[PDB]
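In structure tokens, one chain follows: the form deposited in one PDB entry.
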């Protein structure tokens, strides 16, 4: 019937008008209307006094910050915050992200939580940190995700001399995770060690997605903003900043190269004091790139890095991931391309409790109807 067809969409968690959508819908409309200012308008007042009561009972029944306990903040910065939390009822342990709504739109034109949400909600991939539920309130987005007790790659690199045996591993894992995202029609565009976390067993997942983007039917994207961390940006993306940016996934392979280099050499290949110095060097890569003579690297590890750090037109992986997978550097004995996430991780976390956070550092009205909650509608996500 027409009637079932409806109930389909309202339930489908991938539908833009499932229950949460609507409840977000109604809920934001309250917020964006409830001011002595526009309550002057006839309609607006009546309406608000009607739903008034019920909306409070609802606000109480839904998911709430309160449903959780903060074990401690394990990541703060220019974004919002990550806290180790304990679900009060389930007694269980999660990582929760807090995003400033205020920031989120008004400043960030290019931090699409939308993309992020869907990915963590529905990637259903061993390569992608997973989102168990999302909710908002007036100020905040909240993302409840698997606690990754291993810490990030920055932290890891920060603590060890990474031999190549190790590096092979992390690189491979990154490549797999990236190809995941790619083959989901997305370009990641922000491949940095800070976005790579390790689970309980010391295997990798990608944990941020705020900058991903659906590709052309040709595999390309059209873009005019540069995005990412200065140190890791590709030339093409750097250039896209000047309007008329057109590039594919191979920009993610660029960053991989950097990553490898940083992992093997313990510095990033285009370090400078200015960001422009950095940029300068990135554009000048053909001359700016090279290896300290005391760095102990294999020739293969050098080819691969070099095969990555070049212009899209020649860069490795423009022919897809298989030629990457096939580079000599990867020949090894502990794993192959199919079993790797089953093999022994090179650094195994030893976690004494389910809240052991040793791998992280300690931290330190309108006039018009404006309608600010609109973009947050359909964010709340359940199960």
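Whichever C-alpha set is largest while still superposing within 1.5 Å between the two forms counts as the rigid core. Positions refer to the first chain, counted from 1.
- Deposited sequence between residue 364 and residue 365: 10 or more residues lack coordinates.
- In this entry, the higher average B-factor at the C-alpha atoms falls on 86-94, of the pair 256-264 and 86-94.
- Relative to its counterpart among 239-247 and 106-114, 106-114 has the higher mean temperature factor, C-alpha atoms as listed in the PDB entry.
- The top Cα temperature factor in the record, among 342, 323, 34, 354, falls on 34.
- For the set 219, 277, 202, 292, the maximum C-alpha B-factor listed in the entry falls on 219.
- Sort the modelled residues of the chain by CA B factor and residue 347 lands in the lowest third.
- Placement of the Cα temperature factor of residue 163 within the chain: middle third of the modelled residues, per the deposited record.
- In the PDB entry, residue 100 places in the highest third of its chain by CA B-factor.
- In the deposited entry, the Cα temperature factor of residue 56 sits in the top third of values across the chain's modelled residues.
- Among the modelled residues of the chain, residue 270 sits in the lowest third by CA temperature factor in this PDB entry.
Keep in mind that the form deposited in another entry is missing from the display, and what follows is about it.
- Measuring CA movement between the shown form and the other one with the rigid core aligned, the set 214, 107, 165, 222 has one residue at 2 Å or more: 107.
- In the core-superposed comparison between the shown form and the other one, residue 38 has its Cα shifted by at least 2 Å.
- For residue 77, a C-alpha deviation of 2 angstroms or more is recorded between the shown form and the other one after rigid-core alignment.
- Between residue 252 and residue 105, the C-alpha separation grows by 3 Å or more in that other deposited form, relative to the conformation displayed.
- The distance between the CA atoms of residue 77 and residue 121 is at least 3 Å shorter in that other deposited form than in the form shown here.
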